[PDB]
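Enquirer: Quick mapping for you: the protein sequence lines, in order, are chains A, B, C, D and E. First residue of the first sequence? That's 659 in the UniProt record's numbering, and the numbers climb one at a time after it. First residue of the second sequence? That's 409 in the UniProt record's numbering, and the numbers climb one at a time after it. First residue of the third sequence? That's 559 in the UniProt record's numbering, and the numbers climb one at a time after it. First residue of the fourth sequence? That's 409 in the UniProt record's numbering, and the numbers climb one at a time after it. First residue of the fifth sequence? That's 559 in the UniProt record's numbering, and the numbers climb one at a time after it. We treat Cβ as the ideally placed atom computed from N, Cα and C, and that holds for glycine.
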Amino acid sequence: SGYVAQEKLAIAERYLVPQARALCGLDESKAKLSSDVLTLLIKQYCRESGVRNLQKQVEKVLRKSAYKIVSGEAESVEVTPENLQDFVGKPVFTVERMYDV
Amino acid sequence: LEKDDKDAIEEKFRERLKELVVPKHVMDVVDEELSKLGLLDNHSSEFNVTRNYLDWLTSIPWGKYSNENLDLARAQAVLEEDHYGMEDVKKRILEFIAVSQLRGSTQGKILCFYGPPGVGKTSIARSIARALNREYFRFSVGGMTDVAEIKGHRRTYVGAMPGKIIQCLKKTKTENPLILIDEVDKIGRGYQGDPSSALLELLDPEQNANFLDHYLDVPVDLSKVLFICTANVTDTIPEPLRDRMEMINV
Amino acid sequence: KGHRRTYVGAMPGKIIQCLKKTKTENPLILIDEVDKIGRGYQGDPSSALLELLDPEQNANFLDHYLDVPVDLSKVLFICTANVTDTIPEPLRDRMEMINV
Amino acid sequence: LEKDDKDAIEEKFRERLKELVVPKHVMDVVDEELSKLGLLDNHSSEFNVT
Amino acid sequence: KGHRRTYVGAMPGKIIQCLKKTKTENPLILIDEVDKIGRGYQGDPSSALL
Ligand SMILES: Nc1ncnc2c1ncn2[C@@H]1O[C@H](COP(=O)(O)OP(=O)(O)OP(=O)(O)O)[C@@H](O)[C@H]1O
Ligand SMILES: [Mg+2]
Numbered sequence: 659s660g661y662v663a664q665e666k667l668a669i670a671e672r673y674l675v676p677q678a679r680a681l682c683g684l685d686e687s688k689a690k691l692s693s694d695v696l697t698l699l700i701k702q703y704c705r706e707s708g709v710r711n712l713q714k715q716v717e718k719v720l721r722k723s724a725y726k727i728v729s730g731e732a733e734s735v736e737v738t739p740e741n742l743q744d745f746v747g748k749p750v751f752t753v754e755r756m757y758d759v
Numbered sequence: 409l410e411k412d413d414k415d416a417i418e419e420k421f422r423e424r425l426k427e428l429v430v431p432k433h434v435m436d437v438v439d440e441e442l443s444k445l446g447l448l449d450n451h452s453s454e455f456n457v458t459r460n461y462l463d464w465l466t467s468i469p470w471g472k473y474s475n476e477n478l479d480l481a482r483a484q485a486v487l488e489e490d491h492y493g494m495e496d497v498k499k500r501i502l503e504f505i506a507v508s509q510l511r512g513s514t515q516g517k518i519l520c521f522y523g524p525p526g527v528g529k530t531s532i533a534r535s536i537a538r539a540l541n542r543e544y545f546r547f548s549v550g551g552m553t554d555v556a557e558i559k560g561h562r563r564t565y566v567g568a569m570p571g572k573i574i575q576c577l578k579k580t581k582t583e584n585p586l587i588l589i590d591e592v593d594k595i596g597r598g599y600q601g602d603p604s605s606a607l608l609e610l611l612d613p614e615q616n617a618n619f620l621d622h623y624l625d626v627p628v629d630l631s632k633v634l635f636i637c638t639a640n641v642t643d644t645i646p647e648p649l650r651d652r653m654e655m656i657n658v
Numbered sequence: 559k560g561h562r563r564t565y566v567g568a569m570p571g572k573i574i575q576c577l578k579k580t581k582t583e584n585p586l587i588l589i590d591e592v593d594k595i596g597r598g599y600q601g602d603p604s605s606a607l608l609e610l611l612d613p614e615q616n617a618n619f620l621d622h623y624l625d626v627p628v629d630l631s632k633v634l635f636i637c638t639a640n641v642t643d644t645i646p647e648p649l650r651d652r653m654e655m656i657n658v
Numbered sequence: 409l410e411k412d413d414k415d416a417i418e419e420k421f422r423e424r425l426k427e428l429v430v431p432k433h434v435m436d437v438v439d440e441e442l443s444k445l446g447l448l449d450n451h452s453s454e455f456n457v458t
Numbered sequence: 559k560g561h562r563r564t565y566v567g568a569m570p571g572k573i574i575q576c577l578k579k580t581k582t583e584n585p586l587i588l589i590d591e592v593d594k595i596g597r598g599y600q601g602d603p604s605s606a607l608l
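1) From C/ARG652 to B/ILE417, what does the alpha carbon distance come to, in whole angstroms?
2) Along chain H, in chain order, which residues have C-beta atoms closer than 9 Å to that of D/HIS451?
3) Rounded to the nearest angstrom, what separates B/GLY598 and E/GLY601 at their Cα positions?
4) Counting contacts by CB-CB distance shorter than 8 Å, is D/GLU441 in contact with chain B?
5) For residue 611 of chain A, does the three-state DSSP call read helix, strand or coil?
6) Do the segment 536 to 552 of chain B and the segment 641 to 651 of chain B meet, that is, are 3 or more Cβ pairs less than 8 Å apart?
7) Where B/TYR522 and E/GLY596 are concerned, what is the direct C-alpha to C-alpha distance, given to the nearest angstrom?
8) Do B/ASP629 and B/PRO570 come within 8 Å of each other at the CB atom, strictly closer than that value?
9) Tell me which residues pass a beta-carbon proximity test against ligand 1: closer than 5 Å to any heavy atom, given in chain order.
10) For B/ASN456, return the contacting residues in chain D, with the cut-off set at a CB-CB distance below 7 Å.
11) Can you pull the DSSP bridge partners for A/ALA689?
12) Output, in sequence order along the chain, the residues in the segment 604 to 631 of chain C whose CB is closer than 8 Å to any CB in chain D.
13) Of all Cβ atoms in chain A, is any one closer than 8 Å to the Cβ of B/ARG562?
14) Specify, as a first and last residue, the run of the alpha helix (DSSP H) that E/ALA568 falls within.
15) Which word fits B/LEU480, buried or exposed, when buried means at least 16 other C-beta atoms lie within 10 angstroms of its C-beta?
16) Give, in chain order, every unbroken run of the alpha helix (DSSP H) that is at least 4 residues long and sits entirely within the segment 492 to 579 of chain B.
17) Do B/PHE635 and B/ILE573 have their beta-carbon atoms positioned less than 8 Å apart in this structure?
18) Could you tell me whether the Cβ atoms of B/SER474 and B/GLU543 are closer together than 8 Å?
19) If you draw a straight line from the alpha carbon of B/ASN616 to that of B/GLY471, how long is it in whole angstroms?
20) Identify which residue in B/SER548, B/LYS559 and B/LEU462 has its Cα closest to the Cα of B/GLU423.
21) Between which residues of its own chain and A/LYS726 is the CB-CB distance below 8 Å, once the five residues before and five after are set aside?
22) Please look up how many angstroms separate the CB atoms of B/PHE455 and B/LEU448, rounded, as I've assumed it's under 8 Å.
23) Look at E/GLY567 and B/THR580 and say whether their C-beta atoms are less than 8 Å apart.
24) Does the beta-carbon of B/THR530 have 16 or more other beta-carbons within 10 angstroms, so that it is buried, or is it exposed?
25) List, in chain order, every chain B residue whose beta-carbon is nearer than 8 Å to that of C/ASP590.
26) Could you name the residues of chain B that C/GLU647 contacts, counting a contact when the two beta carbons are closer than 7 Å?
27) For B/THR644, verify whether its CB is less than 7 Å away from any heavy atom of ligand 2.
28) Between C/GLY601 and chain B, is any beta-carbon pair separated by less than 8 Å?
29) Please say whether A/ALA670 and A/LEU698 have beta carbons closer to each other than 8 Å?
30) Taking 8 Å as the cut-off, does the segment 637 to 646 of chain C touch the segment 607 to 614 of chain B (at least 3 CB pairs, one atom from each stretch)?
31) Exposed or buried, which one is C/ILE656 when buried takes at least 16 other CB atoms within 10 Å?
32) Tell me whether the beta-carbon of B/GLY526 lies closer than 8 Å to the beta-carbon of B/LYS594.
33) Just to confirm before moving on: does the CB-CB distance between A/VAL709 and A/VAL746 stay below 8 Å?
34) By alpha-carbon positions, which one of B/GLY512, B/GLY446, B/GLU476 and B/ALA533 ends up nearest to B/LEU519?
35) Please tell me whether A/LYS748 has its Cβ less than 8 Å away from any Cβ of chain B.
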């Protein structure tokens with residue numbers, strides 16, 4: 659049972675992402691996914707005891723990049739947190755407010 | 409004065425099986441069964457069951473693939489020609505056709521639309537089948553309460569037939585039709601082996617490749633198939649089955 | 559919807575018996591008292607009824623006994639319930655009301 | 409001949425179809441069932457069901 | 559549990575197929591989703607499982 663967010667990040671970085679990447683055929687150079695983005699995805703959108711839902715999320719971003727490259731314009735999609743909102747849609751879990759003082 | 413009916417069937421099955429790329433799991437079973445069919449006297453009551461068994465086992469396509477259109481430009485027009493709005497669903501199907509063009513070999517998925525009634529969830533499936541060009545089917549599961557439809561029967565029972573999925577996969581010669589399960593969330597609890605359990609074996613994204621319906625006992629791959637569902641509301645569905653499938657929202 | 563035909567006594571569902579007993583393909587079937595169908599102890603019969611009453615989709619009705627699809631789009635259903643609230647929403651949408 | 413067996417049973421079925429205009433789909437199904445009935449024995453639980 | 563071997567077409571229960579196919583007496587059989595068994599009319603497979 660269970661999965662701490664740290665384990666989910668390690669698993670996503672060494673098992674899921676390469677596997678989904680081979681499944682969709684994108685060259686590794688063509689669609690970078692920074693580990694910071696994976697942290698953001700684990701924290702905001704996919705937050706539950708299973709692992710499947712995280713797989714669907716990362717698979718979604720890779721699909722959108724694929725359609726953007728094969729027919730669109732950019733020769734290298736570059737996921738960044740600033741742009742991430744348009745790839746994965748509206749975030750579910752709002753971040754807690756951060757007071758400074 | 410005598411002919412060779414046994415050789416007639418023993419060759420005609422062979423001839424239908426020639427062009428298919430038959431997996432090694434099957435070839436040995438079909439061969440030993442074909443010999444067992446060759447021994448017995450023609451009228452013997454068991455012999456019929458085997459002539460039937462082979463009649464199913466050699467019929468279902470083994471790798472024959474209805475080639476699917478790849479370029480997305482032409483696909484746009486036929487997708488938009490008889491619906492409007494629903495942009496998110498059309499964006500998904502465009503993503504899918506694109507990736508299929510990129511990786512080469514055709515490959516499937518699982519999807520599950522859901523929304524308020526009458527939005528168009530059920531009339532689009534036929535249009536998608538016309539766009540990607542893979543052959544269509546439809547499979548209502550409203551109110552069903554008998555697992556046999558998804559899993560067939562054991563073949564010693566008289567008149568056993570394989571579960572409805574194999575009948576689909578034979579009726580359309582292709583190997584990767586667009587199955588369309590329908591009204592998944594109204595599937596009943598049948599007070600003995602409620603069907604909702606059996607579907608779990610069918611929809612695993614990875615384990616699906618070894619479906620094991622009882623009648624023809626050799627496992628059949630199904631990964632190429634493109635299932636779709638529909639659900640008026642997404643609460644009734646049992647939790648693991650809710651988890652297997654993507655949830656687009658019209 | 560009948561049974562699977564590999565059982566002992568399987569017979570096609572009630573509608574196909576209707577459609578054989580009256581030689582025409584377009585009888586005026588009169589489902590009656592739709593409000594008081596059973597519910598909540600086995601699979602809802604209502605969940606089967608939708609497959610009949612969809613105005614277009616019914617053209618490929620598929621009775622389990624004789625699995626080959628049975629076109630029946632020409633039929634003229636009628637229904638008669640005395641209070642139009644209990645009917646579940648997805649089914650209530652299919653069929654236009656007319657208030658006596 | 410109060411009890412039929414193979415020939416006449418198929419014959420009366422195939423002729424009963426005539427006035428009807430069957431959709432082209434089901435003629436295949438009826439054809440496999442007929443030929444399978446032709447190869448089947450007159451006494452077995454399979455025959456009466458088919 | 560198979561059938562009685564006297565019926566037409568009888569075949570042994572599924573586990574013996576597993577032995578004959580794995581061709582060894584110590585396989586790693588993996589029953590799956592144990593809790594969904596139907597345990598109803600004329601069966602009670604849960605009894606055979608015990
Ligand atoms: N965007 C649309 N454009 C044109 N027609 C539509 C659209 N959406 C729905 N329809 C109409 O809806 C009818 C069938 O809709 P559909 O069967 O998908 O309803 P539904 O949402 O499936 O209902 P339920 O899911 O309860 O069965 C078709 O006649 C079709 O014309
Ligand atoms: Mg619908």
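Expert: Reading it off the structure:
1) Working through the third sequence from its first residue, we reach residue 652 of chain C at position 94. Working through the second sequence from its first residue, we reach residue 417 of chain B at position 9. So the two alpha carbons sit approximately 51 Å from each other.
2) Judged by its chain identifiers, the structure shown contains no chain H, and its protein chains are A, B, C, D and E.
3) Taking the second sequence and counting its residues from 1, one reaches residue 598 of chain B at position 190. Taking the fifth sequence and counting its residues from 1, one reaches residue 601 of chain E at position 43. About 16 Å.
4) One-based indexing of the fourth sequence puts residue 441 of chain D at position 33. Closer than 8 Å: no.
5) Limits of chain A in this structure are 659 at one end and 759 at the other, which puts residue 611 of chain A out of reach.
6) Output reads no: the segment 641 to 651 of chain B does not touch the segment 536 to 552 of chain B.
7) For the purposes of this step, residue 522 of chain B is identified with residue 114 of the second sequence, where counting begins at 1. For the purposes of this step, residue 596 of chain E is identified with residue 38 of the fifth sequence, where counting begins at 1. Those two C-alpha atoms are separated by around 29 Å.
8) Residue numbering aside, residue 570 of chain B sits at position 162 when the second sequence is read from its first letter. Residue numbering aside, residue 629 of chain B sits at position 221 when the second sequence is read from its first letter. No, the Cβ-Cβ distance between B/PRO570 and B/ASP629 is not below 8 Å.
9) B/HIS491, B/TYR492, B/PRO525, B/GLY526, B/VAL527, B/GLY528, B/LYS529, B/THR530, B/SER531 and C/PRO648
10) Taking the second sequence and counting its residues from 1, one reaches residue 456 of chain B at position 48. Neighbours of B/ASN456 on chain D, chain order: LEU448 and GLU454.
11) As a first step, residue 689 of chain A must be located in the first sequence, where it is residue number 31. Per DSSP, A/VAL735.
12) Going along the segment 604 to 631 of chain C in chain order, one finds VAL626, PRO627 and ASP629 with a Cβ nearer than 8 Å to chain D.
13) Mapped onto the second sequence, residue 562 of chain B falls at position 154. By this cut-off, B/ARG562 is not an interface position.
14) For the purposes of this step, residue 568 of chain E is taken as the residue at position 10 of the fifth sequence. Where E/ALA568 is concerned, there is no enclosing alpha helix (DSSP H), given that its DSSP letter is neither H nor E.
15) Looking up residue 480 of chain B in the second sequence gives position 72. Per the 10 Å Cβ criterion, buried.
16) 495 to 511, 532 to 540, 556 to 559 and 572 to 579
17) In the second sequence, the residue the question calls residue 573 of chain B occupies position 165. In the second sequence, the residue the question calls residue 635 of chain B occupies position 227. Not a contact, by the Cβ cut-off of 8 Å.
18) Residue mapping note: residue 474 of chain B aligns to position 66 of the second sequence, counting from 1. Residue mapping note: residue 543 of chain B aligns to position 135 of the second sequence, counting from 1. For B/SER474 and B/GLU543, yes; Cβs fall inside 8 Å.
19) On the second sequence, residue 616 of chain B is found 208 positions in, with the first residue counted as 1. On the second sequence, residue 471 of chain B is found 63 positions in, with the first residue counted as 1. The alpha-carbon atoms of B/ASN616 and B/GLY471 are separated by roughly 16 Å.
20) Reading the second sequence from its first residue, position 15 is the one you call residue 423 of chain B. Comparing Cα-Cα distances from B/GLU423 to each of B/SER548, B/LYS559 and B/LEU462, the minimum goes to B/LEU462.
21) Locating residue 726 of chain A in the first sequence gives position 68, counting from the first residue. Within the same chain, A/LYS726 has close Cβ partners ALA732 and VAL735.
22) Your numbering for residue 455 of chain B matches position 47 in the second sequence. Your numbering for residue 448 of chain B matches position 40 in the second sequence. Right, their Cβ atoms sit about 5 Å apart.
23) Working through the fifth sequence from its first residue, we reach residue 567 of chain E at position 9. Working through the second sequence from its first residue, we reach residue 580 of chain B at position 172. Contact flag unset, no.
24) One-based indexing of the second sequence puts residue 530 of chain B at position 122. B/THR530 should be labelled buried.
25) Within the third sequence, the letter at position 32 stands for residue 590 of chain C. The contacting residues do not exist; C/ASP590 stays about 20 Å from chain B at best.
26) Working through the third sequence from its first residue, we reach residue 647 of chain C at position 89. Result: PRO525.
27) As a position in the second sequence, residue 644 of chain B is number 236, starting the count at 1. False, no ligand heavy atom lies under 7 Å from that Cβ.
28) Along the third sequence, one-based indexing puts residue 601 of chain C at 43. Taking Cβ atoms only, chain B reaches closer than 8 Å to C/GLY601, which makes this a yes.
29) For the purposes of this step, residue 698 of chain A is taken as the residue at position 40 of the first sequence. For the purposes of this step, residue 670 of chain A is taken as the residue at position 12 of the first sequence. No, they are not a contact pair.
30) no
31) Walking along the third sequence from the start, residue 656 of chain C turns up at place 98. With fewer than 16 Cβ atoms within 10 Å of its Cβ, C/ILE656 is classed as exposed.
32) Position 118 of the second sequence, counted from the start, is the residue given in the question as residue 526 of chain B. Position 186 of the second sequence, counted from the start, is the residue given in the question as residue 594 of chain B. No.
33) One-based indexing of the first sequence puts residue 709 of chain A at position 51. One-based indexing of the first sequence puts residue 746 of chain A at position 88. Between A/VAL709 and A/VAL746, the C-beta gap is not smaller than 8 Å, which leaves the two residues out of contact.
34) If you number the second sequence from 1, residue 519 of chain B lands on position 111. Nearest option by C-alpha distance: B/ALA533.
35) Taking the first residue of the first sequence as 1, we reach residue 748 of chain A at position 90. Output row for A/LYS748: interface = no.
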